[PDB]
2 protein chains.
Amino acid sequence: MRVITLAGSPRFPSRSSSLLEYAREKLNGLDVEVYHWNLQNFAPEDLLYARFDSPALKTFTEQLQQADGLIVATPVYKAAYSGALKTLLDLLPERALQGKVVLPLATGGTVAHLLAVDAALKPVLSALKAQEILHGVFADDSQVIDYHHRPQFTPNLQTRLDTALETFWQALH
Amino acid sequence: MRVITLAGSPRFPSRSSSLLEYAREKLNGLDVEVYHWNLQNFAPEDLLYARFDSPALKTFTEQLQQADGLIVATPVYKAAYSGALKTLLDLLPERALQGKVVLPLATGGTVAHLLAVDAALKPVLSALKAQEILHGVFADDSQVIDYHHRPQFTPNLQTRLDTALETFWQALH
Ligand SMILES: Cc1cc2nc3c(=O)[nH]c(=O)nc-3n(C[C@H](O)[C@H](O)[C@H](O)COP(=O)(O)O)c2cc1C
Ligand SMILES: Cc1cc2nc3c(=O)[nH]c(=O)nc-3n(C[C@H](O)[C@H](O)[C@H](O)COP(=O)(O)O)c2cc1C
Ligand SMILES: Cc1cc2nc3c(=O)[nH]c(=O)nc-3n(C[C@H](O)[C@H](O)[C@H](O)COP(=O)(O)O)c2cc1C
Ligand SMILES: Cc1cc2nc3c(=O)[nH]c(=O)nc-3n(C[C@H](O)[C@H](O)[C@H](O)COP(=O)(O)O)c2cc1C
């Protein structure tokens, strides 16, 4: 079983990335092969100028091809996903998520814009042909107590993450 | 009267940018001060890693502050605007478009996704507090005859552009 995790925040460390950190740990407890990527792992000029011959993109697309699922996280920037994350999604082959389960995760300042980022991400993931897009976990900033050390969440957010991850695990089989 | 034009495509030249090229020409005929920017005018590492101390961002935000209107163009990538364009929008101050008229332009492969990019751009421009977001011009690729030489459009697309630009000009007063 193989899963890719992808951090869409251009900050290091990152609040949305702390949800991914918790996921990877849950998953490694389950004997899942996890490959974690963030935007530092690509040359910025390749991403900004959509250079499809990017070496790192080749590796990333090869790892994603073998993967059964993708967990992708983003901050809410200007009522949507980060542009930095979108630069990489734009460079993925057509059908890149065909046959795969996608769990979206996000953190944001306001609940209204957490609804907005959910609505904005879905058509993009559908354009990549994701087999199923799970409901996901969209949490306001106050729900993350610590994203600099060991991730710490409110009980509500930890429960929502655990549910989503169990749903993700089952959807993979 | 001052207008910023902003090309969101990471390609040079670009089909969506040819609509901007036509706009800038119409506008310079009207005695409008036009400042044109594209993603080559920023350091890619500043955009991908959301570096708010970017020197070019400072200049761009200063020119935009003095501007009365913005014409922004994007390709349709994965049923939305380009991530490359979003990386720059993400770096604009809150309220960056307060008091300003915005004309969105886009080119894409399919009509269905031209509706999608219209719906995706609006909340982002609203998050930047644009005073009015014009209907805009969203054209499929077959409507651009030439974007490498002097821009050439089908009569239908040229008419739609001329209408939109007249609407933009009036909205500015
Ligand atoms: C440039 C920038 C733009 C933001 N725009 C929004 C917004 O439009 N709506 C909102 O609710 N939160 C907004 N936020 C708050 C972030 O979504 C929130 O703090 C998020 O948890 C940051 O996640 P990260 O640490 O993983 O980058 C913005 C933050 C930044 C830095
Ligand atoms: C609703 C909301 C919207 C925000 N929008 C922005 C924005 O558009 N640009 C920005 O620089 N910060 C924005 N912020 C603030 C960032 O969260 C704040 O600057 C934080 O200290 C950034 O830290 P970071 O870069 O580590 O994420 C927003 C915050 C909230 C709650
Ligand atoms: C990476 C990439 C992704 C694209 N994704 C879409 C899409 O999801 N839906 C669509 O209708 N057209 C899609 N297209 C076609 C472009 O929107 C269209 O060719 C556009 O005119 C290119 O504009 P530009 O020359 O200004 O970059 C895509 C093109 C590229 C290069
Ligand atoms: C609906 C539609 C969707 C497309 N989606 C993609 C895509 O996701 N990735 C890509 O590389 N090309 C995509 N293309 C194709 C590009 O338009 C094509 O590769 C073109 O030759 C790219 O030229 P350009 O990079 O100069 O824009 C799409 C085309 C259409 C009509």
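- The name the PDB entry assigns to chain A is FMN reductase (NADPH), from the organism Escherichia coli.
- Within the UniProt record for chain A, the comment given under Catalytic activity is "FMNH2 + NADP(+) = FMN + NADPH + 2 H(+)".
- Among the UniProt annotations of chain A, the heading Sequence similarities holds the following wording: "Belongs to the SsuE family."

**Some details on the relation of the copies chain A and chain B**
- Least-squares fitting of chain A to chain B yields an RMSD of 0.0 Å, with the transformation described by 0.0 Å of translation along the axis and a rotation of 180 degrees. In short, the pair behaves as if placed about a two-fold rotation axis. Of the C-alpha atoms belonging to chain A, the one lying closest to the rotation axis is found on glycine 83 of chain A, 2.2 Å away.

**A word on the pairing of strand β2 (residues 33-38) of chain A**
Residues and elements named next belong to chain A.
- Alignment of strand β1 (residues 2-7) against β2, held across six bridges, turns out to be parallel. The partner of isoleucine 4 across the bridge, within β2, is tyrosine 35.
- Considered for its hand, the β-α-β crossover made up of β1, helix α1 (residues 15-28) and β2 is right-handed.

**Considering the side chain of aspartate 118 of chain A**
Residue and element names in this part refer to chain A.
- Within the secondary structure layout, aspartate 118 lies in helix α5 (residues 111-127).
- Of note is the side chain of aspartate 118, whose polar atom sits 2.8 Å from the side chain of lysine 122.
- In this structure, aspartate 118 is in contact with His135 and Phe138, ignoring residues within four places of it in sequence.

**Comments concerning the pairing of strand β3 (residues 69-75) of chain B**
Residue and element names in this part refer to chain B.
- Burial analysis of β3 places seven of its seven residues in the buried class, the great majority of the element.
- What you see with β3 is no split at all: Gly69, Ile71, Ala73 and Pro75 on one side and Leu70, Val72 and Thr74 on the other are buried throughout.
- Sheet analysis places β3 next to strand β4 (residues 101-108), joined by seven bridges and oriented parallel. Within the sheet, the bridge partner assigned to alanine 73 lies in β4 and is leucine 105.
- Regarding topology, helix α4 (residues 83-89) serves as the crossover connection from β3 to the parallel β4, and that connection is right-handed.

**Comments concerning the site of ligand 4**
- Around ligand 4, a shell composed of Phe52 and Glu94 of chain A together with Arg11, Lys78, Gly109 and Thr110 of chain B is seen.
- Surrounding ligand 4 are residues belonging to chains A and B, so the site spans chains.
- Taking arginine 11 of chain B, its side chain carries an N or O atom lying 2.6 Å from an oxygen atom of ligand 4.
- Between ligand 4 and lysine 78 of chain B there is a distance of 2.6 Å, counted from an oxygen atom to a side-chain nitrogen or oxygen.
- Of the residues that constitute the shell around ligand 4, the class distribution is one nonpolar, two polar and three charged.

**Some words on the pattern of salt bridges**
- Using the criterion set out here, one finds twelve salt bridges over all chains in the structure.
- With its nearest N and O atoms 2.6 Å apart, the salt bridge here joins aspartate 90 of chain A to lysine 86 of chain A. In this pair, the class of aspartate 90 of chain A matches that of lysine 86 of chain A, namely buried.
- For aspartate 141 of chain B, the salt bridge goes to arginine 15 of chain B, with nearest N and O atoms at 3.5 Å. Linking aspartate 141 of chain B in the loop between β6 (137-140) and β7 (144-146) with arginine 15 of chain B in helix α1 (residues 15-28), this pair joins segments that are 126 residues apart in sequence.
- We classify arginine 15 of chain B as partly exposed; its relative accessible area is 25%.

About the thresholds
- Residues numbered from 1 in each chain as written, not as in the entry; some residues may be left out.
- Chains lettered and ligands numbered in written order.
- Heavy atoms only, no water.
- UniProt positions renumbered as here; feature names shortened; annotations may be inferred.
- Least-squares fit on C-alpha atoms.
- Pairing = 2+ DSSP bridges.
- Helix = DSSP H or I, 4+ residues; strand = E, 2+ residues; numbered from the N terminus.
- Right-handed = clockwise from strand over helix to strand, strands pointing away.
- Polar contact = N/O pair within 3.5 Å; in protein donor to acceptor, adjacent residues only side chain to side chain.
- Contact = heavy atoms within 4.5 Å.
- Buried < 20%, exposed > 50% of the residue type's maximum accessible area, 1.4 Å probe, protein only.
- Near = heavy atom within 4 Å.
- Nonpolar A, V, L, I, M, F, W, Y, C, P; charged D, E, K, R; others polar.
- Salt bridge = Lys/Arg side-chain N within 4 Å of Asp/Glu carboxyl O.

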